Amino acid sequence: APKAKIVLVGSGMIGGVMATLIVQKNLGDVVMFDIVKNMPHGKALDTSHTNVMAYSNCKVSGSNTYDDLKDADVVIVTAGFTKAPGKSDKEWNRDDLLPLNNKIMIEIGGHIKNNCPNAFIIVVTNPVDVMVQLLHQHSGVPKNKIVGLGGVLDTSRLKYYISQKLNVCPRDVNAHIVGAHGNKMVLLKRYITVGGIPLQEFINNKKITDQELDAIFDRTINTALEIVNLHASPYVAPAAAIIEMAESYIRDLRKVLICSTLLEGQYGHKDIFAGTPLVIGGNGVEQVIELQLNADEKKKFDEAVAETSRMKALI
């Protein structure tokens, strides 16, 4: 009956598109929160009018007070920095972001614990796989109520590139990128299908070659960098990805999506967050799916988790 209340903790580039999309889908009431005075109210005022064009009925208001987290059903955290100062577009790496972004999670976690402990939480702030757990530790929310953005966005790239080469509906391509969001992303060739058919079949048929696939792989891992060098840290697709995830929770869709979640033994790991297929429903994370990886694949997973494990010690 009541509309879900959605709090965008951070109203920069991603938060802007997220608000637009939420109204388009009439998904819930929106608070656009930020540290920067004024900006949020303006983005919110602008976004609010689209209610007419979209046949929607969602309030959109800006905020500068953590008090607006009260009674939140969904909280989305994009608070932080894209770049590190003194670095050039070339040297862009998500790693160099522990610097300006670690403290922010501590703060935000405190307020969440006090204002909306029953909310479902999605963390985006880089380096996500580390930040997600930090926020989880400070917010006190249950393990099934917090996830980080990753697979959905990374696979959307791989899915889309394959679809262009094969000339089919992008949604018709399925793929899995697990372990961690970042340069050690694990792309699983064996788990790629097109129209439900193993990719190998298309290679045997010479519709696509192993090399063009490898090319596509490279382009997938380095896409954020390619975009950073062309314009700025990606924000449109990140937005759609997060919202596909939020929507699955709010509408209880029970979609299978690859998100950063807490491992309790899966893949032989514990006390850390890693990307893997999950099911997002109205109870939050309904189920975590463990891919039955082979020897070589496990090795890759292990390496990505170590990269997350290493930065963790950096605080």
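In this text, residue numbers run from 1 along the sequence as written.
K.L.:
Would you tell me which stretch averages the higher CA B-factor in the PDB entry, 107-115 or 183-191?
P.N.:
So the stretch with the higher mean C-alpha B-factor is 107-115.
K.L.:
Output the stretch having the higher mean C-alpha B factor in the entry; the candidates are 203-211 and 237-245.
P.N.:
Result: 203-211.
K.L.:
Take the CA temperature factors straight from the PDB entry and tell me which of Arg171, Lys87, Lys145, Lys165 peaks.
P.N.:
When the deposited C-alpha B-factors of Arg171, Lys87, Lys145, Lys165 are compared, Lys87 is largest.
K.L.:
Kindly indicate the residue among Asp46, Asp29, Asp67, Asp252 with the greatest C-alpha B-factor in the PDB record.
P.N.:
Among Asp46, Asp29, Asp67, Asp252, the highest C-alpha B-factor in the entry belongs to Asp67.
K.L.:
Should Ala306 be placed in the lowest, middle or highest third of its chain by the C-alpha B factor in the entry?
P.N.:
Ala306: CA B-factor falls in the highest third of its chain.
K.L.:
In terms of the CA temperature factor given in the entry, to which third of its chain does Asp129 belong: lowest, middle or highest?
P.N.:
For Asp129, the deposited C-alpha B-factor lands in the middle third.
K.L.:
What third of its chain, lowest, middle or highest, does the C-alpha temperature factor of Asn93 fall into?
P.N.:
Highest third, going by the recorded CA B-factors of the chain.
K.L.:
Using only modelled residues of the chain, where does the Cα B factor of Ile315 rank: lowest third, middle third or highest third?
P.N.:
Its C-alpha B-factor belongs to the highest third of this chain's values.
K.L.:
Quick check for you: using the entry's CA B-factors within this chain, is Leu158 in the lowest, middle or highest third?
P.N.:
Lowest third.
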